[PDB]
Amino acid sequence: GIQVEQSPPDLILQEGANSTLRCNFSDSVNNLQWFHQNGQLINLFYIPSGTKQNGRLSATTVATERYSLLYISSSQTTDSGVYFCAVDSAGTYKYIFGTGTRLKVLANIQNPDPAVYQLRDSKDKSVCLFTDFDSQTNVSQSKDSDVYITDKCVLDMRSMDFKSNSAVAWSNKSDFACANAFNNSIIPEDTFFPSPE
């Protein structure tokens, strides 16, 4: 029947860069839509034919050549997520969505200072915080079953015009040190390892 193919399936963009997202479809279309998902589908464009602009976003669909392009100009960290293309196709109705383009926007870190700090509970309980590392750094899962490691996120201190990446590690064990916490990750040689207290 009606087939939708989106490319690239996964996209890594540096903060401020531009990229073209592709949507290929098998038959002639009456409805074509581009969406952005955060679990709420944000309507970006309704474009079965022609060219449209919506700020930093632009789209174009060649109905005859059976393809649609989505342009993202000056990418932001908020642009991260999944981009969907959906068609209806001019027998039996079915509105088909593509697999999507998962976009990861890497924040521009002006002065990286990768460090691993031990943070104690507000009320013996502790947490290992890997922070100030460059956006390209990949945080891996632990080899151990009792050790929990989170994925990286970027926070924005708007008042200071400062951005920083962080990942968290913790264990129920007492043998858990922050120096061995992110051993399964390939971290910069200059990662700061301060001593507790």
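Counting begins at 1, following the sequence as shown.
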Notebook entry, point to check: Quick one: across the other PDB entries of this protein we compared, is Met160 left without coordinates in at least a third of them?
Noted result: yes
Notebook entry, point to check: Can you tell me whether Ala90 lacks a model in a third or more of the other compared entries?
Noted result: yes
Notebook entry, point to check: Taking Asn38 and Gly39 as adjacent modelled residues, how many residues of the deposited sequence between them have no coordinates (none, 1 to 3, 4 to 9, 10 or more)?
Noted result: 1 to 3
Checklist line | 21-29 set against 172-180, stretch whose average Cα temperature factor tops the other in the entry | finding: 172-180
Notebook entry, point to check: Which listed residue, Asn165, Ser68, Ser142, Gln136, has the largest C-alpha temperature factor in the record?
Noted result: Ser142
Next item on the list: Tell me, lowest, middle or highest third: where does the Cα B factor of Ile42 rank within its chain?
Entry: middle
Notebook entry, point to check: Split the chain's modelled residues into thirds by Cα B-factor; is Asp132 in the lowest, middle or highest one?
Noted result: lowest
Next item on the list: Looking at the entry's B-factor column for C-alpha atoms only, identify whether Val82 ranks in the lowest, middle or highest third of its chain.
Entry: lowest
Notebook entry, point to check: Lowest, middle or highest third of the chain for the C-alpha temperature factor of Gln76?
Noted result: middle
Next item on the list: Name the third of the chain's ranked CA B-factors that contains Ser58, choosing lowest, middle or highest.
Entry: lowest
